[PDB]
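Here the structure is laid out as structure tokens; the discussion comes afterwards.
Within every chain, numbering begins at 1; the chains are lettered A, B, ... in the order of the sequence lines, protein sequences first and strands thereafter. First listed ligand is number 1; within each ligand, the first listed atom is number 1.
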Amino acid sequence: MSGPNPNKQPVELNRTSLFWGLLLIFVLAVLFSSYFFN
Amino acid sequence: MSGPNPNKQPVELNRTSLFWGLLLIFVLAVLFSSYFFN
Amino acid sequence: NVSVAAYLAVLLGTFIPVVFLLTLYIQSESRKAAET
Amino acid sequence: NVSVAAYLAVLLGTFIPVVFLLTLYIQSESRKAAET
Amino acid sequence: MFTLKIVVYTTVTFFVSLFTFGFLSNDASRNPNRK
Amino acid sequence: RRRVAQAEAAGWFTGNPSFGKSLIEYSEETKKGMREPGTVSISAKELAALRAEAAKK
Amino acid sequence: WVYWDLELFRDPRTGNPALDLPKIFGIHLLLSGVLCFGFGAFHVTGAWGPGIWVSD
Amino acid sequence: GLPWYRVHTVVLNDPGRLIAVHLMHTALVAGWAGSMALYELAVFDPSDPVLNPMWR
Amino acid sequence: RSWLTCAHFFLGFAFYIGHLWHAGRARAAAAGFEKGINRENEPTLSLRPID
Amino acid sequence: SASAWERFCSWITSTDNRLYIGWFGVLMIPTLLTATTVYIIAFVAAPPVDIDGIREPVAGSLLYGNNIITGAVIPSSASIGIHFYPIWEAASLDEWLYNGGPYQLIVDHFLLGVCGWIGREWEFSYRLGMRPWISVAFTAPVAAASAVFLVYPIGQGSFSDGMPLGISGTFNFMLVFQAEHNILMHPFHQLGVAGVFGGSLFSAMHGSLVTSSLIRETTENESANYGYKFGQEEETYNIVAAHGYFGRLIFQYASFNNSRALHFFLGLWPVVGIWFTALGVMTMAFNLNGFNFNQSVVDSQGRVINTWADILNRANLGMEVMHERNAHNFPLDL
Amino acid sequence: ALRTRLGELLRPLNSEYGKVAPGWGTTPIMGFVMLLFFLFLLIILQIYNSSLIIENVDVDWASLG
Amino acid sequence: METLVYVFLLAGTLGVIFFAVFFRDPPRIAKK
Amino acid sequence: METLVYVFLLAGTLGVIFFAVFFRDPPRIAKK
Amino acid sequence: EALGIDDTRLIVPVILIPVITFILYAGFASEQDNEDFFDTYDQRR
Ligand code: CLA
Ligand code: CLA
Ligand SMILES: CCCCCCCCCCCCCCCC(=O)OC[C@H](CO[C@@H]1O[C@H](CS(=O)(=O)O)[C@@H](O)[C@H](O)[C@H]1O)OC(=O)CCCCCCCCCCCCCCC
Ligand SMILES: CCCCCCCCCCCCCCCC(=O)OC[C@H](CO[C@@H]1O[C@H](CS(=O)(=O)O)[C@@H](O)[C@H](O)[C@H]1O)OC(=O)CCCCCCCCCCCCCCC
Ligand SMILES: CCCCCCCCCCCCCCCC(=O)OC[C@H](COP(=O)(O)OC[C@@H](O)CO)OC(=O)CCCCCCCCCCCCCCC
Ligand SMILES: CC1=CCCC(C)(C)[C@H]1/C=C/C(C)=C/C=C/C(C)=C/C=C/C=C(C)/C=C/C=C(C)/C=C/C1=C(C)CCCC1(C)C
Ligand code: OEX
Ligand SMILES: [Cl-]
């Protein structure tokens, strides 16, 4: 019972998604840093 | 040529090492936080 | 002048999702490499 | 009183190696999972 | 303060009673070499 | 040989097939044989149907 | 999370993991009605409770 | 697999990638020198070299 | 008073240590594993793994 | 089929619980949880405590201006002494907080809990069919904790003299203890220092000798720890090789041929050392102090020629005249 | 699937997955109740909007007294 | 405000201890 | 001192752009 | 003050709880054999 859960699925993130996420987070930081600081 | 480097090796970290590293980092933070703050 | 503890906000909000994405990418790449 | 920018030191020095260890562990576990 | 005292007395008596009557319950037999 | 028995029957050798094995060591197995002892191979649909029939009514 | 495969969560007719959502909604609606009635009848009214904040 | 403390031994018998990691370390050191100089220039006060020199 | 108190506190602690030693060994010798674990029937190997 | 009490005893003494409870654990778990809860909440948020009894409270909690290093649960008031001070013996809860009652609560529960831990180590040694002398080894740190938390307050007549539940408080305890008893010159404390230094030496020595002579069972691209499998029958390292190396290092019978005798020595040296230093603190609780070699060297006339013990005495005097400010109204410290 | 005391107690409460009433069932009375709820929401919205003024219902901070 | 950081670090250490105890890698014997 | 944070964020964004251009996943046709 | 008892209501739990635990233990002991043995400990439970 405590063992193989049949709903276990792998999680993927290709390099395109990694670069999009990095760009999104860094651009959001660039945008909101001026407003958090002031 | 630009392709399979024969020296490529996988990197492992079992759960015991993960817990030891977490304990080490958190205990170091507990120890040095009082001195960084003052 | 500039309010403090906003350095923490900017740097942590930059780091944590970046950490999450880097971990996801490395995990996926190592799973692909072990599939081979 | 308590010096500022030491919050950044404490929190980043706590997070970054923890991030490194978590990424290593998740990468290793996914490589083991795809080895099966 | 009396209510806290009687609660603490009840708790200590309860756990000490469990200890005492548990070690009286043939504790030496509870070993892997029995039988 | 009498101690790998009486321990396999007790529940050892099952549950964590990659415990004392390194990444390369555990990758060398699960690719040329050496399944986890005490376990069998079964498809997900067959296992789901068996679990459905176990909880029938 | 550890004990996920409880027999309660499996349909007696089919065996697949299923939830009888209409009856679950009935149970939760009955519980929420009891909680709402109790809150408004004892807590707000002060029958057994403090009441709510009332200003001028 | 390699432990975390042996991850750099892959360039031990790879001269090209040994040169690559040496170049990366050299670039990091040179960049630290440049950035440290820029920060120190940002926080330096050259008005009074007698009572507020660079070591103060 | 200091001599008597220190000497008898030392001896009381030492004899508590002796009590623990001899009570443990008495239990282990009565049960029959005071000389070590039996290789043929190890009690731990016959138990279910705990995790 | 069995009675309810029999099933309760089977569950308490069960080897299938993730953490073994046992009958000693019945006493241990609630006492240790109570001490842990009170310690956490009193370390985070507790008002200052008048430890000296002179109406000059000392702040020890994080919310009153302390960090991890300076934070401590302050010992109880000197007005209390070693009187039993639970919550219900105070007029109010804040009076109990002012007089350091939490220190007594934590100390009593912690000492009961560590006695329970000794008994529980014995109990799970008995349930597994192994030899029960790990508890004898654990009695040494328990002896030291008892000496610094209960026996010293008993000897000095006040729970204010016990070791504070902190770090800087621990250092203050050490400094005042050196000032008033000269613990460095006490041979039992010297035996304890030899015990800890020798324990470190022997731990490093045994670890290096085992790691040096590991039997080759792995490849070059993996950790050497995976050459040992949990539950294997064969030995994972060459005991003869380590014995030969250590025999040629010092002399051929400076090593232990027997691994069982070697491990008995490993478990014996620091346990005996800590036993002796704990008993030394217990004896200095009743003012049987260490060696006094002050003014032991005089010249032909009789002028005092100082030694290192005299400089140590000067340091102890510096600590003595500064400890417990405004709590001494009389010349001697009896 | 392991069986527990609480699981066996609650089993009949989760045992009728997919059981439906044939046809339209109670849809018309459901629609009637939904219509009443719509009217009630409209009434209270227009009261809070002051588009519906009722006797002794003064939507104002001053009604607190 | 550093008290919050101290409490966070202590609670994180205790959480690491909790997960190391109860979510540890289960030891099993290998079939070597 | 926030100027340093602004410069760090801008340089990190430019580094992300650089790595996305030159260290991208190489597009290849599959054998479907 | 015997056992630190200053109010007579404190004696009710101190005496009562061991009585109930003894009742459970007495059921357990009445389930037992309860005849003399010649050994270091009794292996019958
Ligand atoms: C959802 C509805 C609701 C809400 C939000 C409240 C909210 C409140 N009520 Mg209230 N009340 C309600 C319904 C409600 N009531 C009803 C229906 C009744 C009638 C029965 C009452 C009767 C009532 C009285 C008589 C009183 C209140 C009081 C209060 C206030 C403090 C209580 C509190 O914060 O508990 C927060 C509770 C929790 C966060 C739950 C945590 C409990 C932990 C888990 C304890 C664990 C123990 C448990 C047994 C498990 C142990 C075993 C385990 C270890 C394995 C609070 C404003 C008190 C008051 O005036 O306050 C000033 C008060 O005296 N209420
Ligand atoms: C807490 C209230 C509540 C909730 C959430 C439900 C929920 C449900 N009831 Mg129900 N019911 C309730 C109270 C409630 N009931 C009461 C008090 C009674 C009277 C005893 C009933 C009597 C009843 C019957 C008789 C039936 C249900 C049924 C149902 C189910 C299907 C509903 C459906 O088809 O939606 C239809 C509606 C939608 C799918 C979407 C509606 C979206 C709205 C209209 C959009 C409006 C947006 C717009 C901007 C609003 C502007 C207006 C505003 C400004 C004024 C569903 C589980 C049916 C069922 O399956 O039975 C088991 C059924 O036959 N109910
Ligand atoms: C980008 C390359 C990075 C590596 C290059 C290395 C050389 C460059 C130098 C870097 C300088 C960083 C420290 C700044 C100095 C300082 O902290 O003290 C100066 C002030 C003192 O406080 C001040 O104090 C003043 C009063 S008083 O002094 O407290 O009394 C008051 O004005 C106010 O409280 C406050 O402003 O500190 C601050 O308040 C600012 C917070 C620090 C700035 C955030 C650094 C952003 C970059 C970090 C990147 C993370 C790394 C991830 C891995 C890639
Ligand atoms: C003034 C004199 C009167 C008071 C002093 C009394 C002397 C005390 C010691 C004598 C009694 C104990 C005998 C030896 C202990 C033992 O268990 O023997 C069994 C073996 C002995 O040799 C082993 O002996 C075995 C044979 S046999 O079974 O023991 O017969 C053999 O198989 C094995 O190879 C061999 O290594 O145990 C050991 O290896 C440990 C030897 C050292 C232990 C005693 C010496 C004291 C060390 C310092 C004490 C700690 C202080 C730390 C403070 C910082
Ligand atoms: C800009 C870059 C910034 C990043 C730099 C910093 C990131 C690097 C930080 C990683 C350090 C991690 C080390 C842990 C990693 C870890 O411990 O793994 C344990 C590891 C296990 O060894 P094996 O060879 O079996 O490893 C198996 C492998 O799978 C592990 O990779 O052993 C070691 O690494 C030896 C070091 C022992 C270290 C003991 C640490 C315990 C110290 C005490 C803990 C506190 C005690 C508290 C009470 C006082
Ligand atoms: C906290 C700590 C841990 C323990 C030790 C110690 C106490 C000393 C302390 C030391 C920490 C350490 C090692 C910090 C390291 C800091 C470093 C390496 C900073 C270096 C940053 C590098 C920088 C900006 C590089 C900037 C270069 C750029 C844009 C180049 C851009 C360009 C490229 C890429 C292509 C050509 C065109 C152009 C424009 C030249
Ligand atoms: O507090 Mn702790 O040490 Ca008993 O003596 Mn007096 O007081 Mn104080 O001096 Mn000495
Ligand atoms: Cl004085």
Pairwise, report which nitrogen or oxygen atoms of ligand 2 are under 3.5 angstrom from protein nitrogen or oxygen atoms, and how far apart they are.
from	atom 1	to	atom 2	distance (Å)
ligand 2	64 (O)	K:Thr26	O	3.4
ligand 2	64 (O)	K:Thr26	OG1	2.3

All pairs passing salt bridge (charged side-chain N to carboxylate O under 4.0 Å, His left out) where residues 3-27 of chain M contributes a residue, at least two apart: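 Listed by first then second residue: A:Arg15-M:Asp25.
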Salt bridge (charged side-chain N to carboxylate O under 4.0 Å, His left out): pairs with one or both residues in residues 18-45 of chain G, sequence neighbours excluded: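 Listed once each, the pairs are G:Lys23-K:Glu16.
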Separation of [Y] [atom2] from [X] [atom1] (nearest 0.5 Å):
| X | Y | atom1 | atom2 | result |
| --- | --- | --- | --- | --- |
| J:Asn313 | J:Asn182 | CG | CG | 8.0 Å |
| I:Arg1 | J:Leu288 | CZ | CG | 15.5 Å |
| H:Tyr39 | M:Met1 | OH | CE | 4.5 Å |
| J:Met284 | I:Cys6 | CE | SG | 9.5 Å |

Aromatic ring proximity, centroids under 6.0 angstrom, J:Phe173 and J:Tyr152: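 Centroid distance J:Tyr152-J:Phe173: below 6.0 Å, so yes.
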Looking at [atom], tell me if a protein heavy atom falls under 4.0 Å from it.
| atom | result |
| --- | --- |
| atom 8 (C) of ligand 6 | no |
| atom 3 (C) of ligand 6 | no |
| atom 18 (C) of ligand 6 | yes |

Can you give each donor-acceptor pair under 3.5 Å made by side-chain atoms of residues 33-61 of chain K, sequence neighbours left out, with the distance rounded to 0.1 Å?
from	atom 1	to	atom 2	distance (Å)
K:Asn49	OD1	K:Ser51	OG	2.6
K:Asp60	OD1	K:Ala62	N	2.9

Stepwise ring pair (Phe, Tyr, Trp, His ring centres under 6.0 Å) test for C:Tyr7 and A:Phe36: CA-CA 8 Å; C:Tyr7 298 87; A:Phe36 291 160; over 10 Å; no
Quick test: of every protein heavy atom, which one is nearest to [atom], and how far off is it to 0.1 Å?
| atom | answer |
| --- | --- |
| atom 20 (C) of ligand 6 | H:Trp32 N, 3.4 Å |
| atom 24 (C) of ligand 6 | H:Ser35 OG, 3.2 Å |
| atom 25 (C) of ligand 6 | H:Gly31 CA, 4.0 Å |

